[PDB]
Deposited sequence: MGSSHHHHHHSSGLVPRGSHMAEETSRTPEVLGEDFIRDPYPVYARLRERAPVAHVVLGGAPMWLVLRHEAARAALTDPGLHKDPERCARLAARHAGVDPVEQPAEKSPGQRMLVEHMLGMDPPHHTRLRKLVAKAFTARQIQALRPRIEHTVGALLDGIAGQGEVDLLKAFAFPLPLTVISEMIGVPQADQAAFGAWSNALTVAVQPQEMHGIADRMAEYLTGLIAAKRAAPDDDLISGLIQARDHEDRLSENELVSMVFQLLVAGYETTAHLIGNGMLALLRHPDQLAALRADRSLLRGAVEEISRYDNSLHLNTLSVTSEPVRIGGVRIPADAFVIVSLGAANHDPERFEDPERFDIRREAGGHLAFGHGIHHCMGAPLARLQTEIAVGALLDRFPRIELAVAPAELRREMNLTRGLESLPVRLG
């Protein structure tokens, strides 16, 4: 029988994972009324993530989804921007896109990353120092990656708040025409930005993406919009909630917080354990089969939705001992917070860099930081990205 996964799962997924993962390495479940296959064990997850039988095909997903809702033309630029990126395609097309996007990074762009992150972190902490209590998400965890990614991409400072707010609104849309409307505005904005960098190339990643070439091959206008969008959003709320979840873990384990403050040689290991323990993404993006596939000994039929639970794999006792415990001194190497295989997260070094600097700088500036509320007052967002509604902290 197909276990129904609802709002309780969304808010608190790891106890569901602990019960299904013991039963089999893959579970047949129903998520949002859609039957699908949930890969749970670490080995099975690595195999699924390297299995060419799992396809990124948003068009087939749409067609299959229409069938489960029993319902059955020109795509708007928003519609296209949402799905015409790296995570929306398979090789060879995926190989080409990611070859070109990797060329766009210049050495100057990469080197400015660390100085820029420490300057933004600095500015943000100067703006909250003196307040007794702040919501660390709105005051720090969300603005930092918004700024860093926006500056790397080339979004002007005066436009950054608005792009962030549109991203939040895209994230909470419930109806396709609404989502498409938000996306259409975003795509229109990114079309203007791209036009201005064609006319006057700067030292930003948009200009790098326009100029990248493989002989005469280049990113089309469509691919540019979709990739600039994905690069802006893929690390915005994901980095913020990594920082949020990690700071929450650190505050709920004050001995390790103090240990980390006293010994920065534990910082790298602390960021790794944050990704393993409570990653902002416990699920990867939806995949669809075209033919039967074999994952963890479980046969999955053709025309099936397949989702890989990075979180369940990261909490797999076959791979990590005492996996429900947060322990920065652990060997957390080999987690799947950034994926695995051809779609492995392109931004993983940047996400690690921002998180390491942000947490380090927080504990340096605010030695007496603590939760400002009782844990029973915290709430998780009703969202596939694992994140808190707020993180109230007393800076002291």
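- Annotation: deposited residues 1-27, 100-104 are not represented by C-alpha coordinates in the model.
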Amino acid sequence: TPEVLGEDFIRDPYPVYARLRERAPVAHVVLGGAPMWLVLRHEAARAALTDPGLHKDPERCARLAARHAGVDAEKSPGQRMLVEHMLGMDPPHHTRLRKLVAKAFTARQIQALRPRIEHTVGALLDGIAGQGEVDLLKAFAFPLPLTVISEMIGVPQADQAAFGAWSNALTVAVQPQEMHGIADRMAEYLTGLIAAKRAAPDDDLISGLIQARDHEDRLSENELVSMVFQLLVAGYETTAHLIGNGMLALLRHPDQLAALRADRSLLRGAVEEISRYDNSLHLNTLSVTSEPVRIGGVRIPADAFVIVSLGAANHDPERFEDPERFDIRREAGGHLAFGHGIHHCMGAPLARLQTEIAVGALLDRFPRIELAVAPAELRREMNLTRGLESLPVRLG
From here on, numbers count along this sequence of modelled residues.
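- Note on 366-374 vs 61-69: mean CA B-factor is higher in 61-69.
- The stretch 122-130 shows the higher mean C-alpha B-factor when 182-190 is compared against 122-130 in the entry.
- Considering 115, 269, 78, 154 together, the PDB entry gives 115 the largest C-alpha B factor.
- By the numbers in the PDB entry, the CA B factor is greatest at 203 among 316, 203, 278, 217.
- When the modelled residues of the chain are ordered by their C-alpha B factor, residue 284 lands in the lowest third.
- In this PDB entry, residue 337 carries a Cα temperature factor that places it within the lowest third of its chain's modelled residues.
- Among all modelled residues in its chain, residue 92 ranks in the middle third by Cα B-factor.
- When the modelled residues of the chain are ordered by C-alpha B-factor, residue 361 sits in the highest third.
- Residue 321: CA B factor in the middle third of modelled residues in this chain (values from the PDB entry).
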